Structure formats: structure tokens, C-alpha cells
């Protein structure tokens, strides 16, 4: 659509005045060319990234796009679990000198997953909110661990000052026929974790997610319902 700017085999879509969705694609036998989404946030004179693309080369295109279209330094990136669609491009971020952050558990898992760990580890209070001293300079990004679901390590991100909350791999859209790739999922706890995400960001009306276009809060409801069926 008109909002879907094309650049370097990726797609960039403005969602709010200072927020864009990045989308990259990986062709895999049996799956088609699977889209994965992350975010780009301008916070004053700097840019913040949520999630890499599937590959280093694609993630380099995210950074090229930022330079062309925003032309401000990228201060940090936060990646939302140790799977290829979210952390496949860590080397590109590190080649740009960008400080990278992930759940401590994601950093522990990354090497066995064939991924490069983020430089910095986030830890979370018992109620799920990030311990702020582990998320220095996060600006409007509000990071929440909802519990195991799509993976054990999945985290979520709200953008303060906007209507947006990012569910990453945890949340699928209201028309989705399944929960996507459950290979590393916690099927017992998924429904509660999806609901915890919704309760952490109760003001959010635009739910952004890894594998479908932004949706209403019906994405959370429908995801939790599909997840309840797994119990």
C-alpha cells in the first residue's frame, strides 16, 4: 500500500510521527517468503531499533534506510528473543557501533541457536517489568517480560507517547489461523503470557507484531484464545 515504502528488498511503514515498522523476508521451503517485522523509533536526536531483520545483509539495509530517511545516529537496539528473525542481524548492528540489548536469557541462548548475543543483558522484576538500571537510555521504550509463550525468553516493548505496543513473536493477528512457529513455545503458559502483555500495556490500541500487519487489541484476544486451546 501507499504507506509501504520499499528500500533494499525491505519495507518501511510509518506508524506514528516518530515510529516506523521495518519488514524483511526470508524464503524457506514449505513456508513461502516469511515476513518479519520490527520497529524504528526516533527519540529526539537519536534512533532506537527493535529487532534485527532475518540476516546481516538485510539489517545493513535497515541502517542504510535510517541514514537516508532520518539521518540521526542509532543509539541502541533491543532484540526480543533468540530466533533468527529477531537476532539474525546482530553482526550488522555491532559493525555500526550500536549498543545492543536483549533479555539475559536470550543472550544465554543465542550461541546455541547459532546467533550472536547482544552486548548487554536486561533483567526483569517478578512482575515482569524490566529492572530499569539494566535498560539505560531506553527513552520511550518500556520493556516487559510477559512470561513464556512463543519462546521462554520472549519480551515485549511499549512506546511511551504513542498508542503502540509491540508483541513480537508472541502475538498473531486477529485473522491468524495459527500461532505460527511453536517449535520453542511453552504451550501451558502461552495464554497467560499473551494476556499479561495486554495487561502491561492497557492503553495501547495499535498492536504491532512480528508476523502480521499492525492490528487492534483483538490480536491479543485472538492470540490468547488460540493459546488456550493448546492447554
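Residue numbers count along the first chain shown, from 1.
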task = Check the entry's C-alpha temperature factors for 32-40 and 173-181, then say which stretch has the higher mean.
result = 173-181
task = Using the B-factors in the PDB entry, rank residue 51's C-alpha atom against the chain and give the third, lowest, middle or highest.
result = lowest
query = Which third of the chain does residue 223 land in by C-alpha B-factor: lowest, middle or highest?
reply = middle
request  = Name the third of the chain's ranked CA B-factors that contains residue 108, choosing lowest, middle or highest.
outcome  = highest
message = Can you tell me whether residue 13 has a C-alpha B-factor in the lowest, middle or highest third compared with the other modelled residues of the same chain?
response = middle
query = Among the modelled residues of its chain, does the C-alpha B-factor of residue 158 lie in the lowest, middle or highest third?
reply = lowest
